[PDB]
């Protein structure tokens, strides 16, 4: 992509397109599909310890940002463009997992119900690090609780996964730029 011609495209987004348009490795897309379906299954049944153990790398950065609304033509105002809804290392994820599992987390009784829909999977090996797998996917996450509360989340995920203990591929980075600026879901207390 030429972002001087495609005026609406960010440099970051153009870079990520190039990554997937280049080598298509059908087998890798299939492996990625499996990894992500199994991750979403563990999360949906609220097996959060299993998710950490089997899906999340010790060196992870788990990041979801919210970007301030600025003018498309803005060129002078330079301050912090985004805040971190999540920006977690493994220990910070573990804190969140313990909070979910705590028997005095009153908000988890009655038990919540999660259903995740993962689509648009793309996978490409990193050019410079042969063991780093880039995976892109979109998620619809449905959370239902307390009889009539229903919250639906929508996001694209830019992931890096790498083989760790036992040769298992684990998440080492997830980046989500959340598309809705003002959340209408009560909170974003879900693992996208």
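Positions refer to the first chain, counted from 1.
For the stretches 167-175 and 14-22, which has the higher mean C-alpha B-factor as given in the deposited record?
The stretch with the larger average C-alpha B-factor is 14-22.
Mean CA B-factor: is it higher for 47-55 or for 146-154?
Higher mean C-alpha B-factor: 47-55.
Of 39, 31, 68, 159, which one's C-alpha B factor is largest in the deposited record?
Result of the comparison over 39, 31, 68, 159: 31.
Using the entry's values, work out which of 112, 121, 72, 83 has the largest Cα B factor.
Comparing C-alpha B-factors across 112, 121, 72, 83, the maximum falls on 72.
Taking the C-alpha B-factors as the PDB entry records them, is residue 78 in the lowest, middle or highest third of its chain?
Its C-alpha B-factor belongs to the highest third of this chain's values.
So where's residue 87 on the chain's Cα temperature factor ranking, which third?
As the PDB entry reports it, the C-alpha B-factor of residue 87 lands in the lowest third of its chain.
Looking at the temperature factor on the CA atom of residue 135, which third of the chain's modelled residues does it land in?
Within its chain, residue 135 is a middle-third residue by C-alpha B-factor, going by the deposited values.
Would you check the entry's CA temperature factor for residue 61 and let me know if it's in the chain's lowest, middle or highest third?
It belongs to the middle third of the chain when residues are ordered by C-alpha B-factor.
Going by the entry, which third of its chain does the Cα temperature factor of residue 141 land in?
Ranked within chain, residue 141 CA B lands in the lowest tercile.
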